[PDB]
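Protein chains in written order, with the entry's author numbering: chain B, 299 to 338, 348 to 718; chain A, 299 to 338, 350 to 716. The beta carbon of each residue, even a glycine, is placed where N, CA and C say it ideally should be. Notes to accompany the following structure.
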Amino acid sequence: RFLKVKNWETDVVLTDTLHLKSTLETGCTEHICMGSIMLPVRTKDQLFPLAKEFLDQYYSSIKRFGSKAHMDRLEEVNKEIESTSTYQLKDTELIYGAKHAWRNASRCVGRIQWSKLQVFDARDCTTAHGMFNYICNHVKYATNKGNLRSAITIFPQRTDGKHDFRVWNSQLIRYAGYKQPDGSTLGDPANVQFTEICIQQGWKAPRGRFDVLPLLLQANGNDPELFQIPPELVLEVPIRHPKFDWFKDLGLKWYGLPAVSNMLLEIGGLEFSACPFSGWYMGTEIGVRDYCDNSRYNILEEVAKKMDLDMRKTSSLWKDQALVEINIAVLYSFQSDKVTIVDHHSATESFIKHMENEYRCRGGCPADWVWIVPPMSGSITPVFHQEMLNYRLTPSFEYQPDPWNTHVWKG
Amino acid sequence: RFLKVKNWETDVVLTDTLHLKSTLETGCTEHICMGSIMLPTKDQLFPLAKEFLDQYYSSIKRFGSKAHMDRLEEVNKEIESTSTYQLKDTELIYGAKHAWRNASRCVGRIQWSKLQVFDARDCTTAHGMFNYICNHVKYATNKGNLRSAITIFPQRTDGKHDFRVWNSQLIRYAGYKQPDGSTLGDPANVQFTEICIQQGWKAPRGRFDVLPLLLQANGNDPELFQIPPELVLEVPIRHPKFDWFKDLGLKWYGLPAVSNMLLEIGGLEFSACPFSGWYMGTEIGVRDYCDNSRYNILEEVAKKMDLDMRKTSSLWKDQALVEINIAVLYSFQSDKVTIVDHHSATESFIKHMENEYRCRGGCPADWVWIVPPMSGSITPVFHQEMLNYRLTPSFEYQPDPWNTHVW
Ligand code: HEM
Ligand code: HEM
Ligand SMILES: Fc1cccc(C[C@@H]2C[C@H]2NCCc2ccnc(-n3ccnc3)n2)c1
Ligand SMILES: Fc1cccc(C[C@@H]2C[C@H]2NCCc2ccnc(-n3ccnc3)n2)c1
Ligand SMILES: C[C@H](O)[C@H](O)[C@H]1CNc2nc(N)[nH]c(=O)c2N1
Ligand SMILES: C[C@H](O)[C@H](O)[C@H]1CNc2nc(N)[nH]c(=O)c2N1
Ligand SMILES: [Zn+2]
């Protein structure tokens with residue numbers, strides 16, 4: 299079966315065959331679409356076909372499918388599975404796997420870069436202190452004094468589900484959030500609960516508006532341990548505006564390295580519960596979501612007051628005006644400090660080209676329109692006009708429950 | 299099978315049971331989501358009639374009544390007898406209002422119960438259709454105080470006697486292909502503007518020429534009609550800061566009136582059922598004006614604002630986009646023509662959703678369409694999970710007449 303997607307602005311039509319290789323369920327049925335829903348211990352039984360499927364993919368990609376090297380590897384994995392109930396990926400397989408999970412991440416607009424991913428193999432790590440060392444090295448490598456480099460660090464895979472490695476932070480670098488007794492919030496409201504855990508675990512909080520959270524690291528199913536990232540490793544950018552000089556006095560800054568640290572990486576049936584990865588920011592992540600979400604820093608009003616906009620009626624579009632100037636500020640500040648960033652116009656244009664290339668070379672490109680379209684100025688980006696098909700391929704990045712909800716405390 | 303939707307900004311969780319009633323398919327499967335795809350007999354008829362009458366009679370606290378049973382009986386006999394049936398006026402109105410209520414792509418549904426339904430099932434000719442459409446336009450326009458309306462023409466019989474309005478909207482601007490290679494007016498309507506000429510229209514080849522109506526009654530060839538200019542409320546677009554904005558020479562019409570959809574009620578098919586509401590500002594300023602394949606004025610505006618169009622990262626497009634949408638809202642409000650901004654409209658829709666979940670067990674909504682085409686995440690609907698499914702009565706797309714018309 300073939301499926302066509304149309305770009306309604308260019309009339310370019312593409313044909314998808316790749317969705318046939320999809321196994322995992324979407325959440326949708328023939329009777330209901332769940333496209334806007336945010337989120338709609349493994350036996351040797353199911354493990355070998357998952358291994359085989361992956362190794363089939365891997366050997367095809369290296370033009371060695373059906374080779375003696377291919378067949379020997381399958382054999383070796385099978386024997387290892389029934390003997391040990393799991394298996395170990397070769398370094399080459401791991402790298403392929405990590406790159407392809409990124410390639411398959413339908414919610415990521417940055418995928419044109421998928422083949423350039425630095426993979427750090429941390430499967431020999433055994434303790435939290437060891438994890439901290441690997442993470443520091445990742446941050447330094449990825450940061451690269453502002454010339455950001457995509458990277459992922461992969462810790463040992465799940466075994467029985469009782470010895471999981473987990474980074475308890477949602478991102479490696481994030482600002483603390485503090486609930487005040489008067490009901491207000493200081494810092495990042497998104498991080499209030501995690502901030503409380505850190506404090507409870509013995510973090511001495513500065514209690515400011517932009518306090519970099521400590522790392523909370525779990526190795527081998529043990530209780531997590533606190534580590535402060537060396538401040539010299541945390542690149543931050545003061546936010547100013549090219550035209551408005553009062554903008555700097557808002558006191559805004561942001562960190563340069565966006566690094567997701569709470570997802571699960573699945574490769575060939577193996578589950579890597581700690582696999583922090585990092586790229587670089589698309590400007591709207593900070594300027595629209597981090598700063599302007601009502602549930603985050605929520606600075607729209609203060610900005611709009613300082614711009615002296617008509618704030619009595621929404622039909623003045625003061626919010627839209629303030630939102631644009633903030634995003635201009637974010638982009639300006641990063642570029643001026645020579646920290647890698649991409650605007651949503653550039654990002655989405657590149658994604659369209661990536662997607663077209665993927666359709667031709669790969670037979671498809673799974674994409675989640677709801678997440679790909681930027682949270683401002685949607686229809687003046689080419690992705691808005693692009694039909695997209697969403698389906699799940701493996702290797703993949705998946706959500707997993709927050710570890711504080713599942714952790715068995717040792718004491 | 300009982301589904302919850304979360305708002306992520308408010309943590310409000312709603313439980314949906316209404317989707318269970320859905321009958322038609324979405325295009326999605328367990329293995330693939332098609333949420334962003336724009337378009338994914351006697352024995353067929355009676356269960357459809359039955360489903361509709363059941364909900365109609367349920368809605369008036371008379372489910373399981375003799376009148377219910379009698380009506381079901383009467384319709385059943387009429388179908389067995391005539392291979393179709395006729396809706397009572399009360400059912401027709403109920404059906405029209407509920408088709409709007411069920412329109413998962415319409416953000417304006419909080420108004421759904423206040424629809425004026427014009428019954429034009431007695432219409433037999435294109436001149437008759439023209440008259441009904443003028444009356445609709447005059448009524449809906451209401452000198453600028455817009456009122457929601459639908460006019461319903463006779464239902465499909467054998468597919469040879471279809472009533473069709475050929476225009477996609479009652480009121481639209483012509484589009485002409487220059488020899489210069491470019492496009493004069495609205496590029497979306499080049500193909501239709503040609504068919505007007507092929508059938509006899511005399512285009513004044515301008516930029517904002519109100520298109521004539523092409524009306525098809527009872528399967529006949531369509532005829533041309535000029536809507537009385539006095540009935541077409543238009544708004545000159547000016548900005549409340551930039552006095553150069555007027556010289557762009559932009560204007561738009563006040564009445565948004567979809568005329569090419571199919572209304573399906575109780576299995577019956579109404580191929581001609583133009584309806585109108587009033588504009589949300591972004592439909593005009595973002596889509597009509599700034600789409601590349603439409604009037605595409607972003608560059609010209611940016612020039613006049615003297616922005617740095619050297620780099621995309623100056624966000625000159627975004628900046629201009631906002632100003633254009635300010636002008637649109639300003640111009641309509643200044644001329645006292647009903648318009649709603651995307652903030653007000655989406656705020657209204659969240660309230661509607663909560664009402665629907667409370668009083669109906671759910672609200673089908675297409676997030677891809679409900680989230681406005683600018684400033685997505687600063688409107689409440691962006692953070693609102695939505696379930697999309699098809700309920701009937703419904704408005705459906707249908708093929709363009711000029712591909713199907715047996716001339
Ligand atoms: C290199 C530049 C990159 C850019 C510009 C970029 C851009 C983005 C953006 C804008 C999102 C949406 C985030 C949100 O709204 O929550 C996203 C999500 C995502 N990205 Fe990237 N990304 C990049 C690198 C990477 C890398 C290196 C990986 C993995 C190796 C990756 C994997 C993912 C995944 C799995 C998601 C979905 C997260 C979720 O569902 O919560 N991306 N990306
Ligand atoms: C009264 C104020 C109304 C507002 C503010 C409103 C708003 C909107 C908007 C913004 C859209 C998206 C249009 C697009 O992007 O192409 C839409 C679509 C739609 N509306 Fe409304 N509307 C209103 C009235 C109505 C009425 C009176 C009806 C029917 C009786 C209706 C039925 C529909 C349908 C079926 C669609 C989907 C169009 C499509 O799929 O192409 N709406 N509405
Ligand atoms: F399914 C969900 C339920 C609740 C919240 C949510 C928000 C998603 C976590 C946010 N997605 C990651 C955001 C992020 C932060 C930093 N860097 C990056 N990043 C880096 C490379 N690619 C993305 N993404 C989803
Ligand atoms: F599937 C598609 C293929 C090509 C174009 C497309 C756009 C849909 C026509 C636009 N939907 C109606 C737009 C419109 C215009 C005027 N008024 C209203 N309107 C009035 C009340 N509610 C909506 N909608 C879809
Ligand atoms: C309900 C809705 O799915 C949710 O708000 C989504 C919308 N699209 C998004 N798109 C991106 N990139 N990131 C997000 O967090 C979201 N949130
Ligand atoms: C490809 C995508 O489905 C298409 O561009 C949609 C996106 N969302 C939309 N939303 C609305 N309201 N109207 C539209 O025409 C569209 N177009
Ligand atoms: Zn779907």
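Distance CB(residue i)-CB(residue j) smaller than 8 Å
| i | j | result |
| --- | --- | --- |
| B:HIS652 | B:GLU307 | no |
| A:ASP615 | A:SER623 | no |
| A:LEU696 | A:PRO673 | yes |
| B:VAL426 | B:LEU401 | yes |
| A:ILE419 | A:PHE704 | no |
| B:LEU318 | B:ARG299 | yes |
| A:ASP518 | A:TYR604 | no |
| A:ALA512 | A:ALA483 | yes |
| A:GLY671 | A:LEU354 | no |
| A:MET683 | A:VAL595 | yes |
| A:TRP510 | A:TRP711 | no |
| A:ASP644 | B:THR621 | no |
| B:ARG481 | B:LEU520 | yes |
| B:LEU559 | B:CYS599 | no |
| A:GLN508 | A:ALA566 | no |
Of the listed residues the options, nearest to residue i (C-alpha basis)
| i | options | result |
| --- | --- | --- |
| A:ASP363 | A:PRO531, A:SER580, A:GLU382, A:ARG414 | A:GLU382 |
| A:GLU609 | A:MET589, A:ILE593, A:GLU632 | A:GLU632 |
| A:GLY404 | A:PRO702, A:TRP716, A:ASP709, A:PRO708 | A:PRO702 |
| B:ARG516 | B:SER491, B:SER686, B:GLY373 | B:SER491 |
| A:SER585 | A:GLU573, A:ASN451, A:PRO521 | A:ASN451 |
| A:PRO689 | A:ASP309, A:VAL646, A:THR399 | A:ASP309 |
| A:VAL637 | A:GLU543, A:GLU656, A:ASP709, A:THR713 | A:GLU543 |
| A:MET570 | A:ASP600, A:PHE361, A:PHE554, A:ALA412 | A:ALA412 |
Proximal chain B residues relative to residue i, where beta-carbon distance stays under 8 Å
| i | result |
| --- | --- |
| A:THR327 | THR324, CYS326, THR327, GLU328 |
| A:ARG596 | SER686 |
| A:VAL631 | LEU624, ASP627, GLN628, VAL631 |
Residue i Cβ short of 7 Å to ligand 3 heavy atom set
| i | result |
| --- | --- |
| B:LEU337 | yes |
Distance cut-off 7 Å: residue i Cβ against heavy atoms of ligand 5
| i | result |
| --- | --- |
| residue 340 of chain B | In this structure residue 340 of chain B is absent; chain B steps straight from 338 to 348. |
| A:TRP625 | no |
Near ligand 2: residue i beta-carbon under 7 Å from a heavy atom
| i | result |
| --- | --- |
| B:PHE658 | no |
| A:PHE501 | no |
| A:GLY685 | no |
| B:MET378 | no |
Proximity test, residue i beta-carbon vs ligand 6 heavy atom, cut-off 7 Å
| i | result |
| --- | --- |
| B:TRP409 | no |
| B:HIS692 | yes |
| A:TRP587 | no |
Contact test: residue i Cβ vs ligand 4 heavy atom, cutoff 7 Å
| i | result |
| --- | --- |
| A:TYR448 | no |
| A:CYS443 | no |
| A:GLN420 | no |
| A:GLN425 | no |
Residue i: contacting residues in chain B (beta-carbon distance under 7 Å)
| i | result |
| --- | --- |
| A:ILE335 | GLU694 |
| A:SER643 | Here the premise fails: no neighbours, minimum Cβ distance about 11 Å. |
Beta-carbon neighbours of residue i, restricted to chain A and to distances below 9 Å
| i | result |
| --- | --- |
| B:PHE691 | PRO682 |
| B:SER703 | None at all; the shortest Cβ gap to chain A is about 14 Å. |
Ligand 7 heavy atom lying under 7 Å from the CB of residue i
| i | result |
| --- | --- |
| B:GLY333 | yes |
| A:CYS326 | yes |
Interface partners of residue i on chain A, CB under 8 Å
| i | result |
| --- | --- |
| B:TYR698 | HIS329, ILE330, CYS331 |
| B:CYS599 | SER686, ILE687 |
Neighbour list for residue i in chain A, Cβ cutoff strictly below 7 Å
| i | result |
| --- | --- |
| B:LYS319 | Here the premise fails: no neighbours, minimum Cβ distance about 10 Å. |
Residue i Cβ short of 7 Å to ligand 1 heavy atom set
| i | result |
| --- | --- |
| B:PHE584 | yes |
| B:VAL649 | yes |
Under 9 Å by beta carbon: chain B residues contacting residue i
| i | result |
| --- | --- |
| A:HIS661 | What A:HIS661 touches in chain B: nothing, since even the nearest Cβ is about 16 Å away. |
| A:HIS652 | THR621, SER622, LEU624, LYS626, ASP627 |
Pairs of beta-carbons, one from the segment 523-534 of chain A and one from the segment 433-446 of chain A, closer than 8 Å: are there three or more?
yes
Cβ contact (3+ pairs, closer than 8 Å) linking the segment 528-545 of chain B and the segment 436-447 of chain B:
yes
Measuring CB atoms only, is the segment 318-329 of chain A touching the segment 318-330 of chain B, in the sense that at least three cross pairs come out at less than 8 Å?
yes
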